[PDB]
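Coordinates as given in run.cif (mmCIF, C-alpha atoms):
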```cif
data_final
loop_
_atom_site.label_atom_id
_atom_site.label_comp_id
_atom_site.auth_asym_id
_atom_site.auth_seq_id
_atom_site.Cartn_x
_atom_site.Cartn_y
_atom_site.Cartn_z
CA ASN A 1 69.27 70.98 101.96
CA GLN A 2 68.03 72.98 99.02
CA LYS A 3 69.33 76.50 98.55
CA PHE A 4 67.48 79.48 97.07
CA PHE A 5 68.29 82.91 95.77
CA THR A 6 66.24 85.85 96.99
CA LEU A 7 65.22 88.19 94.16
CA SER A 8 65.05 91.98 94.53
CA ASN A 9 61.32 91.69 95.27
CA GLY A 10 61.91 89.23 98.13
CA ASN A 11 60.68 86.15 96.23
CA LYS A 12 62.71 82.95 96.38
CA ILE A 13 63.95 80.94 93.39
CA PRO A 14 65.59 77.45 93.62
CA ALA A 15 69.29 78.05 93.18
CA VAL A 16 69.74 75.36 90.46
CA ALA A 17 67.40 74.61 87.56
CA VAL A 18 67.56 70.94 86.64
CA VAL A 19 64.66 70.33 84.19
CA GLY A 20 65.27 71.84 80.78
CA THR A 21 65.16 71.29 77.01
CA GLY A 22 68.55 70.24 75.63
CA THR A 23 69.39 70.99 72.00
CA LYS A 24 68.33 67.52 70.85
CA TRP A 25 64.80 68.21 72.03
CA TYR A 26 64.06 71.53 70.30
CA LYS A 27 61.26 71.18 67.76
CA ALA A 28 60.63 73.00 64.50
CA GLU A 29 56.92 72.29 64.54
CA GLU A 30 54.42 71.35 67.16
CA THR A 31 52.25 68.49 65.85
CA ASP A 32 51.06 65.13 67.08
CA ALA A 33 53.89 63.65 64.98
CA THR A 34 56.54 65.74 66.74
CA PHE A 35 55.31 65.20 70.29
CA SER A 36 58.21 63.58 72.17
CA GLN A 37 57.10 60.83 74.51
CA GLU A 38 60.79 60.46 75.51
CA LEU A 39 60.93 64.07 76.72
CA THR A 40 57.60 63.99 78.52
CA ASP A 41 58.72 60.78 80.27
CA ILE A 42 61.97 62.34 81.52
CA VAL A 43 60.18 65.45 82.75
CA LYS A 44 57.61 63.33 84.56
CA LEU A 45 60.32 61.14 86.07
CA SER A 46 62.13 64.30 87.24
CA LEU A 47 59.00 65.75 88.84
CA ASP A 48 58.28 62.39 90.46
CA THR A 49 61.76 61.69 91.89
CA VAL A 50 63.80 64.88 92.23
CA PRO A 51 63.55 66.11 95.85
CA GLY A 52 62.51 69.59 96.87
CA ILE A 53 61.27 72.41 94.66
CA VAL A 54 62.01 71.42 91.07
CA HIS A 55 63.03 74.39 88.91
CA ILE A 56 62.00 73.95 85.26
CA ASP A 57 63.50 76.12 82.51
CA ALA A 58 61.16 76.33 79.53
CA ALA A 59 60.94 78.58 76.51
CA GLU A 60 58.47 79.35 73.76
CA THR A 61 61.16 78.78 71.10
CA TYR A 62 61.70 75.13 72.16
CA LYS A 63 58.10 74.12 71.23
CA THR A 64 58.12 71.65 74.11
CA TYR A 65 55.18 73.03 76.11
CA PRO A 66 53.02 69.95 75.21
CA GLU A 67 55.58 67.58 76.71
CA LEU A 68 55.97 69.72 79.82
CA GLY A 69 52.20 70.06 80.14
CA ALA A 70 51.60 66.32 79.87
CA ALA A 71 54.24 65.67 82.54
CA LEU A 72 52.81 68.36 84.84
CA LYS A 73 49.36 66.78 84.48
CA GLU A 74 50.52 63.17 85.04
CA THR A 75 52.85 63.78 88.03
CA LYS A 76 51.51 63.98 91.55
CA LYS A 77 54.23 66.58 92.29
CA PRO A 78 52.23 69.56 93.61
CA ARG A 79 52.33 72.86 91.74
CA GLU A 80 53.78 74.66 94.76
CA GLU A 81 56.83 72.33 94.64
CA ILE A 82 57.62 73.42 91.07
CA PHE A 83 59.22 76.64 89.89
CA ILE A 84 58.49 77.28 86.21
CA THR A 85 60.62 79.71 84.21
CA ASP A 86 59.31 80.53 80.73
CA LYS A 87 60.62 82.82 77.96
CA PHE A 88 59.04 84.90 75.21
CA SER A 89 60.59 84.01 71.85
CA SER A 90 61.80 87.40 70.66
CA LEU A 91 64.62 86.43 68.30
CA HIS A 92 62.36 84.33 66.09
CA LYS A 93 58.72 85.24 66.47
CA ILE A 94 56.14 82.60 67.42
CA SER A 95 53.59 84.97 69.05
CA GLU A 96 52.73 88.61 68.48
CA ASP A 97 53.85 89.72 71.92
CA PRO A 98 54.63 88.53 75.46
CA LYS A 99 51.04 88.52 76.68
CA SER A 100 49.99 86.31 73.76
CA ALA A 101 52.97 84.03 74.22
CA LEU A 102 52.43 83.56 77.94
CA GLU A 103 48.67 83.08 77.64
CA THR A 104 49.33 80.33 75.09
CA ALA A 105 52.05 78.78 77.25
CA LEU A 106 49.91 78.76 80.40
CA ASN A 107 47.21 76.88 78.54
CA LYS A 108 49.60 74.35 76.94
CA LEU A 109 51.35 73.78 80.27
CA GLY A 110 48.01 73.49 82.12
CA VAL A 111 49.04 76.03 84.78
CA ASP A 112 47.59 79.36 85.94
CA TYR A 113 50.92 81.22 86.33
CA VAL A 114 54.63 80.87 85.73
CA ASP A 115 57.14 81.63 88.44
CA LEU A 116 59.47 83.62 86.16
CA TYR A 117 58.94 85.08 82.71
CA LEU A 118 61.81 86.31 80.59
CA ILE A 119 62.35 88.10 77.30
CA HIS A 120 64.54 85.53 75.60
CA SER A 121 66.71 87.91 73.54
CA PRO A 122 67.26 91.63 73.09
CA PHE A 123 67.47 91.07 69.31
CA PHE A 124 63.83 91.26 68.25
CA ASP A 125 62.61 89.57 65.07
CA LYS A 126 61.94 92.18 62.39
CA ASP A 127 58.43 90.67 62.07
CA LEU A 128 57.54 91.64 65.66
CA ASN A 129 55.43 94.79 65.80
CA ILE A 130 56.49 95.60 69.33
CA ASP A 131 59.64 97.25 70.66
CA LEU A 132 61.64 96.44 73.78
CA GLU A 133 59.96 99.09 75.93
CA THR A 134 56.48 97.88 74.94
CA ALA A 135 57.45 94.24 75.53
CA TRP A 136 58.84 95.04 78.99
CA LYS A 137 55.66 96.91 79.84
CA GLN A 138 53.72 93.79 78.86
CA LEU A 139 55.86 91.81 81.30
CA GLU A 140 55.12 94.44 83.95
CA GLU A 141 51.41 93.90 83.38
CA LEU A 142 51.81 90.09 83.57
CA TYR A 143 53.64 90.61 86.86
CA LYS A 144 50.92 92.88 88.23
CA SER A 145 48.19 90.42 87.24
CA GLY A 146 50.10 87.50 88.78
CA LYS A 147 50.45 85.49 85.54
CA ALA A 148 54.21 85.87 85.99
CA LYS A 149 55.33 85.82 89.60
CA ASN A 150 58.70 87.33 88.67
CA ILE A 151 59.97 88.95 85.46
CA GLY A 152 63.29 89.42 83.75
CA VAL A 153 65.36 89.15 80.61
CA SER A 154 67.86 86.89 78.92
CA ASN A 155 71.03 87.55 76.91
CA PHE A 156 70.88 91.28 77.71
CA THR A 157 73.97 93.47 77.67
CA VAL A 158 74.61 96.26 80.13
CA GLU A 159 73.35 98.72 77.53
CA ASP A 160 70.19 96.64 77.01
CA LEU A 161 69.53 96.50 80.77
CA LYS A 162 70.02 100.25 80.97
CA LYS A 163 67.38 100.71 78.25
CA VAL A 164 64.94 98.69 80.32
CA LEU A 165 65.87 100.43 83.58
CA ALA A 166 65.21 103.83 81.93
CA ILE A 167 61.55 102.92 81.24
CA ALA A 168 60.83 100.33 83.96
CA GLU A 169 58.25 100.63 86.69
CA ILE A 170 59.21 97.11 87.80
CA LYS A 171 62.96 96.58 87.63
CA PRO A 172 63.99 93.29 85.93
CA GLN A 173 64.70 90.68 88.57
CA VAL A 174 66.77 88.24 86.48
CA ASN A 175 69.12 88.23 83.49
CA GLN A 176 69.69 84.72 82.17
CA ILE A 177 73.02 84.67 80.33
CA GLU A 178 75.51 82.15 79.08
CA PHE A 179 78.04 81.74 81.88
CA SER A 180 80.72 79.19 82.65
CA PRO A 181 84.37 79.10 83.73
CA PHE A 182 85.18 79.59 80.01
CA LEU A 183 82.73 82.47 79.52
CA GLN A 184 82.78 84.61 82.64
CA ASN A 185 81.28 87.69 80.97
CA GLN A 186 78.89 86.90 78.12
CA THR A 187 79.06 90.55 77.09
CA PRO A 188 81.38 93.20 78.57
CA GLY A 189 81.00 93.78 82.30
CA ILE A 190 77.61 92.09 82.48
CA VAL A 191 78.27 90.04 85.62
CA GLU A 192 79.57 92.92 87.72
CA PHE A 193 76.85 95.28 86.50
CA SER A 194 74.03 92.85 87.10
CA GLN A 195 75.23 91.87 90.59
CA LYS A 196 75.76 95.51 91.61
CA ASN A 197 72.18 96.33 90.46
CA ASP A 198 70.53 93.39 92.31
CA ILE A 199 69.62 91.61 89.11
CA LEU A 200 70.08 87.87 89.59
CA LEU A 201 72.11 86.15 86.92
CA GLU A 202 71.19 82.73 85.70
CA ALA A 203 73.85 80.79 83.81
CA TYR A 204 72.84 78.64 80.88
CA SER A 205 75.33 76.21 79.40
CA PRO A 206 77.31 76.26 82.68
CA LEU A 207 78.80 72.87 81.77
CA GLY A 208 80.25 74.19 78.49
CA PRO A 209 83.72 73.02 79.64
CA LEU A 210 82.46 69.42 79.92
CA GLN A 211 80.32 69.49 76.80
CA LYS A 212 83.41 70.62 74.86
CA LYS A 213 85.80 68.53 76.99
CA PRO A 214 88.85 68.23 74.69
CA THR A 215 91.19 65.33 73.93
CA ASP A 216 94.13 66.94 75.74
CA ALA A 217 92.09 67.60 78.91
CA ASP A 218 94.45 65.58 81.13
CA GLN A 219 97.26 68.06 80.35
CA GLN A 220 95.23 71.22 81.01
CA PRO A 221 95.51 72.70 84.54
CA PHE A 222 91.79 73.55 84.59
CA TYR A 223 90.66 69.97 83.96
CA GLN A 224 93.37 68.52 86.20
CA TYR A 225 92.11 70.68 89.06
CA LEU A 226 88.47 69.94 88.33
CA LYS A 227 89.26 66.21 88.53
CA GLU A 228 91.13 66.77 91.82
CA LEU A 229 88.10 68.49 93.33
CA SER A 230 85.75 65.79 92.07
CA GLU A 231 87.93 63.19 93.80
CA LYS A 232 88.25 65.26 96.95
CA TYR A 233 84.51 65.63 97.43
CA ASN A 234 83.36 62.34 95.84
CA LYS A 235 81.13 64.36 93.52
CA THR A 236 80.98 64.55 89.75
CA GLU A 237 82.93 67.15 87.80
CA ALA A 238 79.57 68.54 86.64
CA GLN A 239 78.44 68.90 90.26
CA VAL A 240 81.65 70.80 91.10
CA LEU A 241 81.12 73.23 88.20
CA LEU A 242 77.42 73.77 89.02
CA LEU A 243 78.31 74.47 92.62
CA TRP A 244 81.01 76.89 91.50
CA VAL A 245 78.38 78.86 89.56
CA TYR A 246 76.24 79.03 92.70
CA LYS A 247 79.29 80.17 94.73
CA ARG A 248 79.77 82.98 92.17
CA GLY A 249 76.24 84.12 93.17
CA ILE A 250 74.73 82.86 89.90
CA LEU A 251 71.92 80.35 89.30
CA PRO A 252 73.06 77.46 87.05
CA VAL A 253 70.54 76.17 84.53
CA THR A 254 71.09 72.59 83.29
CA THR A 255 69.26 70.46 80.70
CA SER A 256 70.28 66.80 81.05
CA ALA A 257 68.14 63.98 79.70
CA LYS A 258 69.73 61.58 82.21
CA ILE A 259 67.75 61.30 85.41
CA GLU A 260 70.79 60.56 87.61
CA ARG A 261 72.51 63.71 86.31
CA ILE A 262 69.34 65.68 86.97
CA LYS A 263 69.28 64.35 90.57
CA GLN A 264 73.00 65.05 90.95
CA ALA A 265 72.47 68.65 89.84
CA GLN A 266 69.66 69.11 92.36
CA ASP A 267 71.97 67.66 95.01
CA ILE A 268 74.86 70.13 94.58
CA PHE A 269 73.98 71.63 97.99
CA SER A 270 75.14 68.36 99.59
CA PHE A 271 78.66 69.85 99.59
CA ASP A 272 80.53 73.15 99.47
CA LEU A 273 83.67 74.67 97.92
CA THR A 274 86.17 76.61 99.95
CA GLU A 275 86.94 80.22 99.14
CA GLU A 276 90.32 79.14 97.74
CA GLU A 277 88.67 76.52 95.51
CA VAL A 278 86.12 78.97 94.11
CA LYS A 279 88.86 81.46 93.33
CA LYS A 280 91.08 78.81 91.77
CA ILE A 281 88.29 77.53 89.47
CA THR A 282 87.66 81.14 88.51
CA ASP A 283 91.32 81.89 87.85
CA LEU A 284 92.10 78.72 85.90
CA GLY A 285 88.91 79.27 83.92
CA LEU A 286 89.87 82.88 83.04
CA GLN A 287 93.22 81.64 81.66
CA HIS A 288 91.30 79.42 79.21
CA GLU A 289 90.16 80.66 75.78
CA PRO A 290 86.44 81.56 75.66
CA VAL A 291 83.85 78.98 74.74
CA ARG A 292 80.52 80.38 73.58
CA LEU A 293 77.63 78.14 72.60
CA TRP A 294 74.73 80.61 72.14
CA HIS A 295 74.07 84.01 70.57
CA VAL A 296 77.33 83.25 68.73
CA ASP A 297 76.62 85.39 65.66
CA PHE A 298 75.75 88.38 67.88
CA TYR A 299 78.32 88.21 70.65
CA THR A 300 81.50 86.63 69.22
CA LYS A 301 82.71 90.26 68.90
CA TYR A 302 82.78 90.34 72.72
CA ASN A 303 84.93 87.24 73.17
CA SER A 304 88.00 89.44 73.90
CA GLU A 305 86.26 90.78 77.04
CA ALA A 306 84.63 87.52 78.11
CA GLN A 307 87.60 86.27 80.13
#
```
Could you render the structure from this file as structure tokens?
Amino acid sequence: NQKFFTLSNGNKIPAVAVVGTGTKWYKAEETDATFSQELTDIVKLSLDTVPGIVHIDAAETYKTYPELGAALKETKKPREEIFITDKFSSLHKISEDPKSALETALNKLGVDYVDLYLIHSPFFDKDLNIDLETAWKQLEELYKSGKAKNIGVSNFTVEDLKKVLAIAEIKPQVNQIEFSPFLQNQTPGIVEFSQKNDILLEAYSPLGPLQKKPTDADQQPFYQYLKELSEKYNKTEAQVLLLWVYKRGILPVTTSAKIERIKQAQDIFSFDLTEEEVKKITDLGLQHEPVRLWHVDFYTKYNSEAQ
């Protein structure tokens, strides 16, 4: 049965997100010509066939609101069985500010509210005429009005979170970071700090080890063990890694275009990992060199602390 995290405000969030935009699907422009029927079809199929509350991870920067909106309109999946996470594009500006971004997104998606709204990066485009404090306060207002049921941030360091906490009326509920066995602290100490402060981590690119699965995998203890666990449980290697993230108290966010992988990700709560297994994945992961797929130009300088 489906598992949930409970945020600091008591609200529940499905403990895996399975509908996302993979890299192949990002768009540079949003026109009739660039509308992706293939993406809308996979989102619709997911909403139609994936059991339970389907957690969608969207973002302004992807320019895939039209495809999500068309799928949301065409499915009979009820709104209450969908959890929509959306993100203000701060690194490269599309809107003037979060309230503008979210109002535009709500309309394109054809919904009245999102379930979670994030600031996508702490590194604000020079062309934005708003600072972090002012942007957070806009999220606080979207929370108070109910346009965003929950609010948080993405790719924030400990120092960035502290800046928010110093000005916040509403404490951020989520920090979505890159997290995998090969990147166990996106920036120094972030996992421990977030968990101690009741800020839920989400992990994007949690399957980094399988995306970058190397030629000599069969001679690496990490991949040997991962295969062993897959065989033990009769589950995919991806499922084992996603479940490991959940067992670390973190919400894995995945972005497959393959419906059976999407269903498999939703179904991670069909099994469990023992305490020993969680610790062993952790430990073998930490022995591996870091793999970082996002915010590379900003955070490579932290790779020495990531494991």
Worksheet entry | Given only C-alpha atoms as the counted atoms, nearest of A:250, A:56, A:94, A:164 to residue A:29 |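 When distances to residue A:29 are compared using only C-alpha atoms, the smallest one comes from A:94.
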Worksheet item: What is the atom CA of residue A:96 to atom CA of residue A:70 distance in Å?
Response: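 Computing the Euclidean distance for atom CA of residue A:96 and atom CA of residue A:70 yields 25.1 Å.
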Worksheet entry | residue A:160 surroundings by all atoms listed in the file, 12 Å radius, close-in-sequence under 5 positions cut, as an MDAnalysis selection string | chainID A and resid 119 121:123 132:133 136 153:155 165:167 172 175 187:188 190 193:194
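Among the candidates A:289, A:272, A:115, A:127, the one nearest to residue A:11 when counting only C-alpha atoms is A:115.
The two atoms in question, atom CA of residue A:84 and atom CA of residue A:58, are spaced 7.3 Å apart.
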Discussion item. Restricting the calculation to all atoms listed in the file: of A:229, A:200, A:265, A:257, which residue gets closest to residue A:9?
Written reply: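 The answer is A:200, which sits nearest to residue A:9.
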Discussion item. Show me the residues close to (67.8, 69.1, 76.3) - anything with an atom within 9 Å, counting only C-alpha atoms - and format the list as a VMD selection string.
Written reply: chain A and resid 19 to 26 39 254 to 257
Serialized selection, C-alpha atoms, as a PDB file, in the coordinates of the input:
```
ATOM      1  CA  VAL A  19      64.660  70.330  84.190  1.00  0.00           C
ATOM      2  CA  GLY A  20      65.270  71.840  80.780  1.00  0.00           C
ATOM      3  CA  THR A  21      65.160  71.290  77.010  1.00  0.00           C
ATOM      4  CA  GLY A  22      68.550  70.240  75.630  1.00  0.00           C
ATOM      5  CA  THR A  23      69.390  70.990  72.000  1.00  0.00           C
ATOM      6  CA  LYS A  24      68.330  67.520  70.850  1.00  0.00           C
ATOM      7  CA  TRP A  25      64.800  68.210  72.030  1.00  0.00           C
ATOM      8  CA  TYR A  26      64.060  71.530  70.300  1.00  0.00           C
ATOM      9  CA  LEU A  39      60.930  64.070  76.720  1.00  0.00           C
ATOM     10  CA  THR A 254      71.090  72.590  83.290  1.00  0.00           C
ATOM     11  CA  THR A 255      69.260  70.460  80.700  1.00  0.00           C
ATOM     12  CA  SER A 256      70.280  66.800  81.050  1.00  0.00           C
ATOM     13  CA  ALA A 257      68.140  63.980  79.700  1.00  0.00           C
TER      14      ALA A 257
END
```
Practice prompt. Find the distance between atom CA of residue A:295 and atom CA of residue A:178 and write it in Å to one decimal.
Written response: 8.8 Å
Worksheet item: For the file shown, what are the residues hit by the PyMOL selection byres ((chain A and resi 106) around 12), laid out as a VMD selection string?
Response: chain A and resid 58 to 60 65 to 66 68 to 69 72 84 to 87 98 to 105 107 to 115 117 142 147 to 148
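Across A:176, A:270, A:138, A:34, the tightest approach to residue A:199 is made by A:176 when counting only C-alpha atoms.
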Practice prompt. Choose the residue, out of A:5, A:214, A:220, A:18, that has the smallest atom-to-atom separation from residue A:174; count all atoms listed in the file.
Written response: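 Of A:5, A:214, A:220, A:18, the one nearest residue A:174, counting all atoms listed in the file, is A:5.
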Discussion item. With all atoms listed in the file as the counted atoms, please give the residues lying no more than 12 Å from residue A:78, apart from itself and same-chain residues fewer than 3 positions off, as a list in words.
Written reply: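 Contacts, with the query itself left out: residues 47, 48, 52, 53, 54, 71, 72, 73, 74, 75, 81, 82, 83 and 111 of chain A.
Neighbours of residue A:16 closer than or equal to 7 Å, with only C-alpha atoms counted and sequence neighbours fewer than 4 positions away skipped, come out as residues 55, 251, 252, 253 and 266 of chain A.
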Worksheet entry | Selection near residue A:213, 12 Å with only C-alpha atoms, sequence-local residues under 2 positions removed, as a ChimeraX atom specification | /A:182,207-211,215-220,222-224,226,237-238,291
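Considering the residues A:173, A:64, A:274, A:186 and counting only C-alpha atoms, residue A:304 has its shortest atom-to-atom contact with A:186.
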Practice prompt. Report as a ChimeraX atom specification the full result of the PyMOL selection byres ((chain A and resi 236) around 10) when it is applied to this structure.
Written response: /A:226-227,229-231,233-235,237-242,261,264-265,268
Saved stretch 106-120 of chain A from the preceding structure, N, CA and C atoms, as an mmCIF file, in the first residue's frame:
```
data_model
loop_
_atom_site.group_PDB
_atom_site.id
_atom_site.type_symbol
_atom_site.label_atom_id
_atom_site.label_comp_id
_atom_site.auth_asym_id
_atom_site.auth_seq_id
_atom_site.Cartn_x
_atom_site.Cartn_y
_atom_site.Cartn_z
ATOM 1 N N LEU A 106 -1.028 27.579 -13.070
ATOM 2 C CA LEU A 106 -2.341 27.077 -12.713
ATOM 3 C C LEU A 106 -3.261 27.092 -13.939
ATOM 4 N N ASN A 107 -3.183 28.180 -14.699
ATOM 5 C CA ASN A 107 -4.036 28.329 -15.853
ATOM 6 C C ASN A 107 -3.665 27.316 -16.931
ATOM 7 N N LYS A 108 -2.354 27.160 -17.201
ATOM 8 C CA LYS A 108 -1.919 26.228 -18.249
ATOM 9 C C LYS A 108 -2.233 24.783 -17.868
ATOM 10 N N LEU A 109 -2.161 24.475 -16.565
ATOM 11 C CA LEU A 109 -2.402 23.132 -16.082
ATOM 12 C C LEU A 109 -3.904 22.855 -15.995
ATOM 13 N N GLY A 110 -4.711 23.926 -15.877
ATOM 14 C CA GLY A 110 -6.152 23.807 -15.731
ATOM 15 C C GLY A 110 -6.543 23.367 -14.324
ATOM 16 N N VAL A 111 -5.770 23.802 -13.322
ATOM 17 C CA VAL A 111 -6.060 23.478 -11.928
ATOM 18 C C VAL A 111 -6.168 24.765 -11.120
ATOM 19 N N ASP A 112 -6.744 24.657 -9.924
ATOM 20 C CA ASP A 112 -6.971 25.815 -9.061
ATOM 21 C C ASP A 112 -5.820 26.005 -8.054
ATOM 22 N N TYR A 113 -5.060 24.934 -7.782
ATOM 23 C CA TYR A 113 -4.000 24.978 -6.788
ATOM 24 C C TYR A 113 -2.970 23.923 -7.163
ATOM 25 N N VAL A 114 -1.743 24.107 -6.705
ATOM 26 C CA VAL A 114 -0.769 23.024 -6.692
ATOM 27 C C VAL A 114 -0.578 22.548 -5.268
ATOM 28 N N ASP A 115 -0.109 21.314 -5.128
ATOM 29 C CA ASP A 115 0.043 20.711 -3.830
ATOM 30 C C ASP A 115 1.356 21.125 -3.177
ATOM 31 N N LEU A 116 2.356 21.480 -3.981
ATOM 32 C CA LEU A 116 3.639 21.922 -3.455
ATOM 33 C C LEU A 116 4.264 22.873 -4.456
ATOM 34 N N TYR A 117 4.757 24.001 -3.964
ATOM 35 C CA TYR A 117 5.405 24.977 -4.809
ATOM 36 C C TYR A 117 6.778 25.266 -4.269
ATOM 37 N N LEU A 118 7.774 25.171 -5.141
ATOM 38 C CA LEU A 118 9.166 25.320 -4.760
ATOM 39 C C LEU A 118 9.817 26.499 -5.497
ATOM 40 N N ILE A 119 10.803 27.107 -4.861
ATOM 41 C CA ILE A 119 11.793 27.916 -5.556
ATOM 42 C C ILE A 119 12.848 26.981 -6.122
ATOM 43 N N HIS A 120 13.053 27.004 -7.443
ATOM 44 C CA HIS A 120 13.792 25.949 -8.095
ATOM 45 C C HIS A 120 15.305 26.020 -7.822
#
```
